[PDB]
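What follows is a single structure, written as structure tokens, with notes after it.
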Amino acid sequence: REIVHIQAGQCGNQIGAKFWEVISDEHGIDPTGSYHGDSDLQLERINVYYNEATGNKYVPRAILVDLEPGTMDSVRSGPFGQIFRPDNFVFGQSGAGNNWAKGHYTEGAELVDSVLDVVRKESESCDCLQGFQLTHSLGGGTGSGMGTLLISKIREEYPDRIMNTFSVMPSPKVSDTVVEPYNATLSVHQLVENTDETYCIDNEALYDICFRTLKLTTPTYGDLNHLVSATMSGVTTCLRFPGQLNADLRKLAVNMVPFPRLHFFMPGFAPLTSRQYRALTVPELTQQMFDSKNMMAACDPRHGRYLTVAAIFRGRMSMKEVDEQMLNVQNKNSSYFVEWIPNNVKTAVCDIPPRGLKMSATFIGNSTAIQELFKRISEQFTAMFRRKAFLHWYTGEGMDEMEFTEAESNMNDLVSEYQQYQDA
Amino acid sequence: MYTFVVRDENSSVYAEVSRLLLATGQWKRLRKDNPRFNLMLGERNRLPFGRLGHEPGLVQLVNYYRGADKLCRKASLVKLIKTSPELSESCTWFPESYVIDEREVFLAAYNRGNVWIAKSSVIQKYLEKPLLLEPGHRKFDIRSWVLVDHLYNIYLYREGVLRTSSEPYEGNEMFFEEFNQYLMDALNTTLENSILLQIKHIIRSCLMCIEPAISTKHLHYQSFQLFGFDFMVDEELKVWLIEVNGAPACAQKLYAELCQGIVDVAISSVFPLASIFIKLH
Amino acid sequence: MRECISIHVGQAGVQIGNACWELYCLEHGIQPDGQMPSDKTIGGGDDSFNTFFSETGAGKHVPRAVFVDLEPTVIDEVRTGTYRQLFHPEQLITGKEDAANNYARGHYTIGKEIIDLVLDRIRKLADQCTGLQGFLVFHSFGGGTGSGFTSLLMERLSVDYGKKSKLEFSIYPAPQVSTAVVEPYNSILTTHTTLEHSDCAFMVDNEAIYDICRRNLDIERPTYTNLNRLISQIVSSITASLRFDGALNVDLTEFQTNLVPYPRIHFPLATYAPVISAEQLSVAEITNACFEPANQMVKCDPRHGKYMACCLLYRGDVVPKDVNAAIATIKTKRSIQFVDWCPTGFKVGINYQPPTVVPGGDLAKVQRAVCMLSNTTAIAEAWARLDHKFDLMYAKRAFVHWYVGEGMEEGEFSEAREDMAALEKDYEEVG
Amino acid sequence: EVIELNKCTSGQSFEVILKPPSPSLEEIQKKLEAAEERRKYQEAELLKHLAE
Ligand SMILES: Nc1nc2c(ncn2[C@@H]2O[C@H](COP(=O)(O)OP(=O)(O)OP(=O)(O)O)[C@@H](O)[C@H]2O)c(=O)[nH]1
Ligand SMILES: Nc1ncnc2c1ncn2[C@@H]1O[C@H](COP(=O)(O)OP(=O)(O)CP(=O)(O)O)[C@@H](O)[C@H]1O
Ligand SMILES: Nc1nc2c(ncn2[C@@H]2O[C@H](COP(=O)(O)OP(=O)(O)O)[C@@H](O)[C@H]2O)c(=O)[nH]1
Ligand SMILES: COc1cc(C(=O)N/N=C/c2cccc3ccccc23)cc(OC)c1OC
Ligand SMILES: [Ca+2]
Ligand SMILES: [Mg+2]
Ligand SMILES: [Mg+2]
Ligand SMILES: [Mg+2]
């Protein structure tokens with residue numbers, strides 16, 4: 001069934017653009033929307049992400065949103081820029097100044113109805129709309145503030161559809177402005193209420209992985225986004241290729257989210273190799289896939305417990321050996337899985353590996369250690385908010401101090417709800 | 001690494017087995033209610049056998065045989081011996097017994113020395129002519145420890161113990177070395193000839209009787225169990241079975257040896273890492 | 001001649017159903033285009049096979065079946081399969097979006113909007129029956145449709161066909177072929193709601209089928225196709241009395257009479273032998289194998305239970321003398337205790353036609369096979385395993401909000417669980 | 001002991017004894033409607049919350 005993709009703001013559009021480059025390649029779609037591939041497995045489930053236009057061209061079901069044109073100008077001249085439907089570029093000129101209030105209440109409010117018009121036009125051409133996936137950062141203004149405004153109005157109009165996000169969390173180690181913790185705290189509460197599943201992508205982890213593992217002195221945003229697009233391809237494999245499961249966004253949410261607010265997932269990927277031709281056996285994939293160094297949220301999973309886990313293996317390998325190694329991780333670290341959700345790990349396989357690799361593995365964990373991420377942001381928020389530092393940027397857009405107090409509380413409630421189940 | 005759970009902290013025996021396991025460095029103790037174990041040291045009552053053998057990728061073993069209670073309950077032991085043609089009412093090594101139903105068959109025999117004992121966790125003959133130790137002129141019983149592994153091998157621990165009386169008729173425990181020397185000095189015979197041949201015969205008889213009902217040969221989980229057999233000896237050096245205990249303790253002097261023997265024979269045989277028994281059959 | 005209507009619900013029900021009708025066609029000599037050269041009466045008949053197949057004036061033999069699923073992709077394989085020519089559109093019913101592994105979505109939300117349609121399409125099959133016996137209902141316990149919509153359908157059928165029998169073929173969940181983490185919730189909810197509406201139900205644990213496939217067929221990673229071809233042999237063994245000349249289990253009523261004295265305890269254990277990968281076993285040996293847990297459809301230990309009824313169903317070169325001899329031996333070797341209020345015996349049926357196997361499949365064709373149906377209290381071990389998994393999750397209310405979000409009340413959970421606690425209790429009062 | 005031996009061309013059946021013994025339509029529609037109403041209620045609360 002069909003998914004409608006939305007990418008909002010600078011980060012959202014840059015990782016969204018690479019996502020469409022990656023999966024277009026996997027499905028054999030060239031930058032002009034025409035298919036060239038040797039396997040029909042590439043086309044069995046291609047309508048999930050692509051519309052079939054006049055002729056036999058495939059068009060991403062993607063909407064590109066921003067409050068300034070800069071980043072979307074470069075998308076349009078990007079490698080696969082011309083594949084997107086020109087009507088689906090929706091932008092203003094003001095920008096949002098790294099300011100959640102501008103994205104959510106002033107500048108973003110002026111543009112959002114036009115975005116919803118395009119969403120509506122895409123949903124109407126869907127035989128069976130599954131729901132939406134949004135790519136955005138939480139530290140800026142457009143992705144965070146206007147992105148969360150968008151999901152709220154999408155929920156009001158399509159309350160019975162699934163809302164999924166890939167949300168990039170800010171880190172002082174990879175920072176543009178000091179107000180990022182304010183913007184991220186405001187956004188998380190929106191996500192708590194109005195998404196069904198959120199992949200938490202921490203720029204802290206992406207940097208550490210580039211620096212420590214891939215041995216990249218001086219990572220760039222481009223290098224960060226290579227990790228992200230590889231992860232995004234991994235976690236959407238079951239949506240895009242046939243399996244024993246008839247995979248979809250709602251079944252994933254039912255099986256991953258035991259309590260409605262705890263829907264923030266730690267993603268992981270293996271292998272992560274510095275530029276390589278070396279074969280990786282199934283045991284090696286499995287240990288690396290579960291290793292903290294391969295996690296994208298900068299949370300130590302040993303500091304908490306797994307509520308649920310989904311794992312996807314890609315390539316030619318023994319499925320018996322996959323089950324053996326997966327069962328071996330559960331039986332030999334059973335403490336780190338909660339005992340009150342029996343058999344909480346599901347494994348999927350897909351014989352088609354991603355570009356450049358013979359074998360790969362993708363990890364999706366609902367772990368209580370994610371509370372460390374929210375606690376880190378809460379600490380950074382409070383360090384400034386107790387001195388009301390930088391608040392005039394927000395009160396100038398009509399926001400009140402009370403709304404910051406309420407987001408701080410909501411955040412700390414979320415942390416405590418995770419700690420509630422980490423001891424159980 | 002192998003995993004095990006402990007569900008009977010009152011177990012003197014398996015408190016020592018778990019100590020030895022942990023001290024191997026190759027066994028990890030889990031929380032009791034964790035289902036991803038290799039080995040269950042289960043509870044004495046209502047052990048959930050129906051939940052074993054359903055964990056993919058785990059060979060699962062438990063230290064009790066489901067159904068062995070028929071042998072280890074005084075009432076049903078009598079029923080088992082009388083109603084099993086393998087054993088039958090006419091076996092020479094079990095006293096005449098009756099449960100209470102069987103009131104009316106009892107009296108048919110009592111009518112005719114008629115000293116009887118009555119017990120219940122049901123009524124049988126009291127052995128009027130026990131073999132009496134000297135000096136002291138005193139009564140005793142013999143405890144034998146038997147280990148049955150997952151292949152239904154029957155292992156008789158080479159060390160038994162006598163539970164002696166202080167009163168006419170150390171620690172009221174005499175071990176086989178001394179009792180053997182006494183039988184040689186007093187009655188010019190050996191423990192092996194006059195007694196153990198009978199003990200081995202009874203152990204084999206009782207355990208081969210129930211083997212079809214409790215064996216885990218073709219089953220999805222495996223069992224072993226430690227049994228304590230209790231014997232009486234009469235003046236003619238005839239051995240009598242009194243009781244079979246399914247949850248026995250051990251003599252402090254023999255915990256080290258026996259509990260180690262359990263690990264080697266019953267546990268490590270299934271979960272091998274990187275004798276003191278006599279095998280009966 | 002009295003007709004039987006088969007109803008297949010959800011992916012598991014549909015795929016197992018497709019495999020059974022394939023096997024039926026092979027057993028009866030019905031080609032994929034529905035023709036049957038051996039059937040010399042055209043356009044009608046009250047032969048035994050007409051209990052499952054109606055006939056057209058053109059000579060097509062049409063299964064008396066309805067396939068229903070809340071998404072179209074599984075049933076879309078039936079209408080394009082090698083046997084697509086057998087069924088007509090009215091028989092294949094698909095919805096838009098599935099129950100998302102959620103009993104409450106399958107029972108309440110989506111089930112409400114498709115139930116009247118399903119009943120109409122069943123009504124159409126019922127109208128063509130001179131004397132309908134009742135229904136055979138195939139479904140999983142663990143899916144949202146197989147659990148949620150089946151329980152709704154069983155309720156309406158008891159209303160609309162009050163005097164008719166209903167039998168179930170139910171797939172009990174196993175994590176080695178798992179679809180959803182909430183399958184224990186769905187299994188118990190649907191058992192609670194279906195219990196008073198089902199006269200006899202044959203449970204198959206995917207764990208058992210998986211292991212038999214690995215062990216006796218040397219299949220390393222069994223698929224649903226491996227599993228279903230084995231399951232369809234067993235289903236075929238159970239329904240053969242309805243489709244062939246015979247005197248044992250000749251109508252649905254007789255299943256209840258012979259296997260279920262106590263109506264709540266209506267879950268017979270099936271055991272099948274021999275399963276051989278593509279030396280010939282004797283009557284004594286395949287019968288002996290009916291008392292090995294490794295060949296049972298649900299792993300459990302019947303030595304630690306009591307029998308209420310036992311049926312032996314032989315296919316192939318079997319004569320009553322060899323069965324009696326085999327039974328003599330087994331009885332004096334194995335622990336077989338009946339309840340005191342039942343006779344200690346066996347009903348035996350022999351069909352001389354040996355089992356049919358799908359050409360190219362994984363099952364070797366044999367000269368004799370047997371399916372034993374025994375109502376033993378030991379099957380309760382499967383209820384206890386499941387109720388325990390339910391309890392672990394429900395103590396924290398994990399995942400409950402998904403069901404309450406569909407309009408179900410939290411109290412239905414503990415209502416259904418208390419029923420299962422009474423069921424486990426009734427089984428223990430017998431032992 | 002063997003009893004009830006029936007013989008036909010396709011097979012035979014018999015019994016071996018080794019030892020003698022010693023809600024209406026309206027009600028359903030009610031539960032379904034109740035669930036749908038609870039569903040509609042939860043939904044109006046969400047749209048009230050989003051209107052705020
Ligand atoms: N034996 C067997 N089991 C199956 C088959 N298909 C699914 N299952 C089992 O059925 C359960 C999942 O339920 P499904 O039947 O797939 O779900 P559903 O009834 O279609 O309901 P939905 O949730 O709407 O998809 C799991 O326990 C699976 O292992 C099959 O073809 N054969
Ligand atoms: N029939 C009998 N003849 C002689 N002595 C008997 C006897 N029955 C019991 N006894 C005596 O009773 C004592 C133990 O009794 P019994 O074995 O019935 O109880 P129990 O279950 O407490 C034993 P254990 O302590 O080994 O578990 C023995 O020391 C033995 O000498
Ligand atoms: N991984 C990644 N992070 C980015 C990128 N661009 C910006 N960020 C992060 O996103 C936040 C800034 O928000 P941004 O998306 O640029 O602002 P917006 O245009 O108002 O949505 C900071 O936390 C940045 O570190 C990018 O291309 N990749
Ligand atoms: C395994 O991975 C996937 C599964 C699905 C899907 O339909 N259902 N997931 C089910 C389940 C998940 C996680 C843990 C579980 C534990 C036991 C049984 C099932 C579960 C969809 C996907 O994509 C949307 C997907 O890929 C991320
Ligand atoms: Ca005809
Ligand atoms: Mg920026
Ligand atoms: Mg005692
Ligand atoms: Mg389905």
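The chains in the structure tokens are called A, B, ... from first to last as shown; in each chain the residues are counted from 1, and the ligands are counted from 1 in the order shown.
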Q.
Taking only C-alpha atoms into account, find every residue of chain B that has an atom no more than 7 Å from chain A, and write it out as a list in words.
A. residues 34, 36 and 57 of chain B
Q | At most 9 Å from ligand 3 (only C-alpha atoms and all ligand atoms): residue list as a PyMOL selection string | A | chain A and resi 8-15+66-68+71+95-100+103+136-147+168-177+180-181+184+201-203+206-207+220-228
Suppose we keep C-alpha atoms; can you now write the selection as a CSV table (one decimal), in the first residue's frame?
```
chain,number,residue,atom,x,y,z
A,8,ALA,CA,11.1,19.5,5.4
A,9,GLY,CA,13.9,22.0,6.0
A,10,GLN,CA,17.6,21.9,5.2
A,11,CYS,CA,18.5,18.6,6.9
A,12,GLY,CA,15.2,17.0,6.0
A,13,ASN,CA,15.7,17.7,2.3
A,14,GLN,CA,19.3,16.7,2.2
A,15,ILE,CA,18.8,13.3,3.9
A,66,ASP,CA,11.1,24.5,3.1
A,67,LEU,CA,10.7,28.1,4.1
A,68,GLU,CA,13.6,29.2,2.0
A,71,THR,CA,18.5,23.8,-0.2
A,95,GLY,CA,13.3,31.2,6.1
A,96,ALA,CA,12.8,30.3,9.7
A,97,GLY,CA,16.1,31.5,11.4
A,98,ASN,CA,16.7,28.2,13.4
A,99,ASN,CA,13.6,29.2,15.3
A,100,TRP,CA,10.8,26.7,16.2
A,103,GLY,CA,8.4,27.3,11.8
A,136,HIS,CA,13.5,16.4,9.3
A,137,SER,CA,15.9,17.7,12.0
A,138,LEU,CA,14.7,18.7,15.4
A,139,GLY,CA,17.4,21.4,16.0
A,140,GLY,CA,16.4,24.0,13.4
A,141,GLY,CA,13.3,25.9,12.6
A,142,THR,CA,11.6,24.6,9.5
A,143,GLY,CA,12.1,20.8,9.9
A,144,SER,CA,11.4,21.0,13.7
A,145,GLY,CA,8.7,23.7,14.0
A,146,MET,CA,7.0,23.6,10.6
A,147,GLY,CA,7.5,19.8,10.4
A,168,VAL,CA,17.7,14.0,13.5
A,169,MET,CA,18.5,15.0,17.0
A,170,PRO,CA,21.0,17.9,17.7
A,171,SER,CA,24.3,17.5,19.5
A,172,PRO,CA,26.7,20.2,20.7
A,173,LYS,CA,29.5,18.2,18.9
A,174,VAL,CA,27.8,18.9,15.6
A,175,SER,CA,25.9,22.1,16.2
A,176,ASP,CA,24.8,25.2,14.2
A,177,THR,CA,23.2,27.3,16.9
A,180,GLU,CA,19.0,23.7,19.2
A,181,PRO,CA,18.0,22.2,22.6
A,184,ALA,CA,14.4,19.9,20.0
A,201,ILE,CA,19.1,9.7,14.5
A,202,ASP,CA,21.6,11.4,16.8
A,203,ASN,CA,24.1,13.6,15.0
A,206,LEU,CA,26.8,9.8,13.3
A,207,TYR,CA,29.9,12.0,14.0
A,220,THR,CA,31.1,16.6,6.9
A,221,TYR,CA,27.4,16.7,6.8
A,222,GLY,CA,27.7,14.8,3.5
A,223,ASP,CA,29.5,12.0,5.4
A,224,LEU,CA,26.9,12.0,8.1
A,225,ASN,CA,24.2,11.6,5.5
A,226,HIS,CA,25.9,8.6,3.9
A,227,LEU,CA,25.3,6.8,7.2
A,228,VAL,CA,21.7,8.0,7.4
```
Q) as a PyMOL selection string, which residues of stretch 230-404 of chain C does DSSP assign to alpha helix (DSSP H)? A) chain C and resi 230-243+252-259+283-288+320-333+380-394+400-404
Q: List all protein, DNA and RNA residues that have an atom no more than 10 Å from any atom of ligand 2, counting only C-alpha atoms and all ligand atoms, and report them as a ChimeraX atom specification.
A: /B:72-74,94-97,115-130,139-144,162-165,228-234,240-249
Q: Kindly provide, as a list in words, all nucleotide and amino acid residues lying within 6 Å of ligand 1, counting only C-alpha atoms and all ligand atoms.
A: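 Listed by chain and ascending number, the contacts are residues 10, 11, 12, 15, 16, 70, 98, 99, 100, 101, 102, 140, 142, 143, 144, 145, 146, 173, 177, 178, 179, 206, 224, 227 and 228 of chain C.
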Residues of the last selection are to be written out with N, CA and C atoms, as a PDB file, in the first residue's frame.
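The result, stored in out_20.pdb:
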```pdb
ATOM      1  N   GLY C  10      -8.262 -15.533   6.769  1.00  0.00           N
ATOM      2  CA  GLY C  10      -6.906 -15.043   6.969  1.00  0.00           C
ATOM      3  C   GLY C  10      -5.867 -15.800   6.159  1.00  0.00           C
ATOM      4  N   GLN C  11      -4.628 -15.299   6.151  1.00  0.00           N
ATOM      5  CA  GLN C  11      -3.572 -15.906   5.343  1.00  0.00           C
ATOM      6  C   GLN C  11      -3.427 -17.406   5.613  1.00  0.00           C
ATOM      7  N   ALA C  12      -3.248 -17.785   6.886  1.00  0.00           N
ATOM      8  CA  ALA C  12      -3.039 -19.191   7.214  1.00  0.00           C
ATOM      9  C   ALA C  12      -4.213 -20.034   6.739  1.00  0.00           C
ATOM     10  N   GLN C  15      -4.157 -20.226   2.786  1.00  0.00           N
ATOM     11  CA  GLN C  15      -3.062 -20.972   2.179  1.00  0.00           C
ATOM     12  C   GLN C  15      -3.168 -22.453   2.514  1.00  0.00           C
ATOM     13  N   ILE C  16      -3.544 -22.785   3.753  1.00  0.00           N
ATOM     14  CA  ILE C  16      -3.795 -24.183   4.087  1.00  0.00           C
ATOM     15  C   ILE C  16      -4.966 -24.704   3.270  1.00  0.00           C
ATOM     16  N   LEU C  70      -8.845 -10.044   4.716  1.00  0.00           N
ATOM     17  CA  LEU C  70      -9.094  -8.608   4.772  1.00  0.00           C
ATOM     18  C   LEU C  70      -8.094  -7.792   3.962  1.00  0.00           C
ATOM     19  N   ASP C  98      -5.841  -5.044   6.110  1.00  0.00           N
ATOM     20  CA  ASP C  98      -5.974  -6.196   6.987  1.00  0.00           C
ATOM     21  C   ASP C  98      -6.146  -5.748   8.440  1.00  0.00           C
ATOM     22  N   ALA C  99      -6.218  -6.726   9.329  1.00  0.00           N
ATOM     23  CA  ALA C  99      -6.444  -6.478  10.744  1.00  0.00           C
ATOM     24  C   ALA C  99      -5.177  -6.086  11.500  1.00  0.00           C
ATOM     25  N   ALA C 100      -4.036  -5.946  10.817  1.00  0.00           N
ATOM     26  CA  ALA C 100      -2.798  -5.486  11.447  1.00  0.00           C
ATOM     27  C   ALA C 100      -2.475  -6.276  12.721  1.00  0.00           C
ATOM     28  N   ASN C 101      -2.654  -7.599  12.649  1.00  0.00           N
ATOM     29  CA  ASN C 101      -2.329  -8.514  13.750  1.00  0.00           C
ATOM     30  C   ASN C 101      -3.117  -8.197  15.025  1.00  0.00           C
ATOM     31  N   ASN C 102      -4.294  -7.605  14.880  1.00  0.00           N
ATOM     32  CA  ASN C 102      -5.040  -7.053  16.005  1.00  0.00           C
ATOM     33  C   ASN C 102      -6.433  -7.677  16.013  1.00  0.00           C
ATOM     34  N   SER C 140      -5.775 -19.131  11.488  1.00  0.00           N
ATOM     35  CA  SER C 140      -4.760 -19.039  12.534  1.00  0.00           C
ATOM     36  C   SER C 140      -5.365 -18.494  13.831  1.00  0.00           C
ATOM     37  N   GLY C 142      -3.261 -16.578  15.628  1.00  0.00           N
ATOM     38  CA  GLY C 142      -2.401 -15.442  15.888  1.00  0.00           C
ATOM     39  C   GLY C 142      -2.617 -14.212  15.025  1.00  0.00           C
ATOM     40  N   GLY C 143      -3.225 -14.365  13.853  1.00  0.00           N
ATOM     41  CA  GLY C 143      -3.485 -13.218  13.014  1.00  0.00           C
ATOM     42  C   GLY C 143      -4.684 -12.420  13.495  1.00  0.00           C
ATOM     43  N   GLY C 144      -4.740 -11.155  13.064  1.00  0.00           N
ATOM     44  CA  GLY C 144      -5.874 -10.308  13.413  1.00  0.00           C
ATOM     45  C   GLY C 144      -7.162 -10.752  12.740  1.00  0.00           C
ATOM     46  N   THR C 145      -7.071 -11.196  11.480  1.00  0.00           N
ATOM     47  CA  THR C 145      -8.243 -11.702  10.771  1.00  0.00           C
ATOM     48  C   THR C 145      -8.589 -13.114  11.228  1.00  0.00           C
ATOM     49  N   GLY C 146      -7.604 -14.022  11.183  1.00  0.00           N
ATOM     50  CA  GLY C 146      -7.838 -15.392  11.612  1.00  0.00           C
ATOM     51  C   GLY C 146      -8.414 -15.487  13.011  1.00  0.00           C
ATOM     52  N   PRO C 173       0.139 -20.644  17.643  1.00  0.00           N
ATOM     53  CA  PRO C 173       1.344 -19.885  17.254  1.00  0.00           C
ATOM     54  C   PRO C 173       2.654 -20.430  17.807  1.00  0.00           C
ATOM     55  N   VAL C 177       8.031 -19.466  13.597  1.00  0.00           N
ATOM     56  CA  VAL C 177       7.388 -18.959  12.387  1.00  0.00           C
ATOM     57  C   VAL C 177       6.437 -17.847  12.824  1.00  0.00           C
ATOM     58  N   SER C 178       6.960 -16.882  13.562  1.00  0.00           N
ATOM     59  CA  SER C 178       6.129 -15.871  14.194  1.00  0.00           C
ATOM     60  C   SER C 178       5.765 -14.772  13.212  1.00  0.00           C
ATOM     61  N   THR C 179       4.562 -14.235  13.380  1.00  0.00           N
ATOM     62  CA  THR C 179       4.131 -13.041  12.668  1.00  0.00           C
ATOM     63  C   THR C 179       4.036 -11.817  13.558  1.00  0.00           C
ATOM     64  N   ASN C 206       2.431 -24.831  15.036  1.00  0.00           N
ATOM     65  CA  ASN C 206       3.437 -24.661  13.993  1.00  0.00           C
ATOM     66  C   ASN C 206       4.805 -25.137  14.454  1.00  0.00           C
ATOM     67  N   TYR C 224       6.187 -21.942   4.600  1.00  0.00           N
ATOM     68  CA  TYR C 224       4.759 -22.208   4.732  1.00  0.00           C
ATOM     69  C   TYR C 224       4.307 -23.304   3.771  1.00  0.00           C
ATOM     70  N   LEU C 227       5.186 -26.586   5.328  1.00  0.00           N
ATOM     71  CA  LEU C 227       4.280 -26.789   6.459  1.00  0.00           C
ATOM     72  C   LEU C 227       2.883 -27.181   5.988  1.00  0.00           C
ATOM     73  N   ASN C 228       2.364 -26.477   4.980  1.00  0.00           N
ATOM     74  CA  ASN C 228       0.974 -26.665   4.590  1.00  0.00           C
ATOM     75  C   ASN C 228       0.753 -27.996   3.883  1.00  0.00           C
TER      76      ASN C 228
END
```
Q: Find the residues near residue D:32: any atom within 12 Å, counting only C-alpha atoms, skip ones fewer than 3 places away on the same chain, and give them as a list in words.
A: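 So the residues in contact are residues 104, 105, 106, 107, 108, 109, 110, 111, 112, 113, 115, 152, 406, 407, 408 and 409 of chain C; 25, 26, 27, 28, 29, 35, 36, 37, 38 and 39 of chain D.
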Let's have the selection written as an mmCIF file, in the first residue's frame, with C-alpha atoms.
```
data_model
loop_
_atom_site.group_PDB
_atom_site.id
_atom_site.type_symbol
_atom_site.label_atom_id
_atom_site.label_comp_id
_atom_site.auth_asym_id
_atom_site.auth_seq_id
_atom_site.Cartn_x
_atom_site.Cartn_y
_atom_site.Cartn_z
ATOM 1 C CA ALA C 104 -10.050 -6.103 17.905
ATOM 2 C CA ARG C 105 -9.505 -4.627 14.438
ATOM 3 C CA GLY C 106 -10.519 -7.942 12.851
ATOM 4 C CA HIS C 107 -13.511 -8.576 15.123
ATOM 5 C CA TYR C 108 -14.929 -5.094 15.719
ATOM 6 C CA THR C 109 -13.605 -2.441 13.341
ATOM 7 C CA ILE C 110 -13.200 -4.231 10.007
ATOM 8 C CA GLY C 111 -15.302 -7.312 10.766
ATOM 9 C CA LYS C 112 -18.425 -5.188 11.237
ATOM 10 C CA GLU C 113 -18.273 -3.936 7.648
ATOM 11 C CA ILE C 115 -19.631 -9.798 7.931
ATOM 12 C CA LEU C 152 -17.296 -12.952 14.743
ATOM 13 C CA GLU C 406 -10.371 -0.214 18.236
ATOM 14 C CA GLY C 407 -13.320 -0.016 20.656
ATOM 15 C CA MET C 408 -12.597 -3.130 22.725
ATOM 16 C CA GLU C 409 -12.795 -2.800 26.499
ATOM 17 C CA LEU D 25 -28.536 -11.254 16.265
ATOM 18 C CA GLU D 26 -29.629 -8.246 18.323
ATOM 19 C CA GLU D 27 -27.230 -9.026 21.188
ATOM 20 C CA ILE D 28 -24.252 -9.239 18.812
ATOM 21 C CA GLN D 29 -25.237 -6.041 17.003
ATOM 22 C CA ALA D 35 -17.433 -0.796 20.393
ATOM 23 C CA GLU D 36 -18.023 1.509 17.426
ATOM 24 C CA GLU D 37 -19.441 4.200 19.723
ATOM 25 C CA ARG D 38 -16.412 4.025 22.028
ATOM 26 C CA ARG D 39 -14.306 4.367 18.865
#
```
Q: Grab me every residue within 8 Å of ligand 5, counting only C-alpha atoms and all ligand atoms, and send it over as a list in words.
A: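 Protein and nucleic-acid residues within 8 Å of ligand 5: residues 39, 40, 41, 42, 43, 44, 45, 46, 47, 50, 55 and 59 of chain C.
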Q.
as a ChimeraX atom specification, could you give me every residue of chain C near chain B (at most 9 Å apart, counting only C-alpha atoms)?
A. /C:174-176,207,292-294,299-301,303-304,333-335,378,380-382,384-385
When DSSP is applied to the backbone of this structure, which of chain D are assigned strand (DSSP E or B)? Write them out as a PDB file with C-alpha atoms, in the first residue's frame.
```
ATOM      1  CA  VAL D   2     -14.145 -56.424  18.177  1.00  0.00           C
ATOM      2  CA  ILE D   3     -17.525 -54.924  17.251  1.00  0.00           C
ATOM      3  CA  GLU D   4     -19.350 -52.953  14.546  1.00  0.00           C
ATOM      4  CA  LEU D   5     -17.332 -54.346  11.633  1.00  0.00           C
ATOM      5  CA  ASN D   6     -18.622 -52.622   8.480  1.00  0.00           C
ATOM      6  CA  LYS D   7     -17.050 -53.611   5.155  1.00  0.00           C
ATOM      7  CA  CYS D   8     -17.359 -51.738   1.856  1.00  0.00           C
ATOM      8  CA  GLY D  11     -12.329 -49.936   3.139  1.00  0.00           C
ATOM      9  CA  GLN D  12     -13.733 -51.026   6.471  1.00  0.00           C
ATOM     10  CA  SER D  13     -14.303 -49.751   9.995  1.00  0.00           C
ATOM     11  CA  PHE D  14     -14.776 -51.344  13.411  1.00  0.00           C
ATOM     12  CA  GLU D  15     -14.235 -50.769  17.118  1.00  0.00           C
ATOM     13  CA  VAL D  16     -11.862 -52.457  19.573  1.00  0.00           C
ATOM     14  CA  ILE D  17     -12.710 -52.432  23.284  1.00  0.00           C
ATOM     15  CA  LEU D  18      -9.888 -53.452  25.637  1.00  0.00           C
ATOM     16  CA  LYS D  19     -11.537 -52.818  29.016  1.00  0.00           C
TER      17      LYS D  19
END
```
Q.
Should the cut-off be 9 Å, what would the residue list for chain A against chain D look like, counting only C-alpha atoms, as a VMD selection string?
A. chain A and resid 152 to 153 155 to 156 159
For those residues, write N, CA and C atoms to a file as a CSV table (one decimal), in the first residue's frame.
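This went into out11.csv:
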```
chain,number,residue,atom,x,y,z
A,152,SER,N,0.7,17.6,12.8
A,152,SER,CA,-0.5,17.8,13.5
A,152,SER,C,-1.7,18.0,12.6
A,153,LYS,N,-1.5,18.8,11.5
A,153,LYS,CA,-2.6,19.0,10.6
A,153,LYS,C,-2.8,17.8,9.7
A,155,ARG,N,-2.5,14.7,10.9
A,155,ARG,CA,-3.3,13.8,11.8
A,155,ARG,C,-4.8,14.2,11.8
A,156,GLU,N,-5.0,15.6,11.9
A,156,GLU,CA,-6.4,16.0,12.0
A,156,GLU,C,-7.2,15.6,10.7
A,159,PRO,N,-6.6,11.0,10.5
A,159,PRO,CA,-6.4,10.4,11.8
A,159,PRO,C,-6.2,8.9,11.9
```
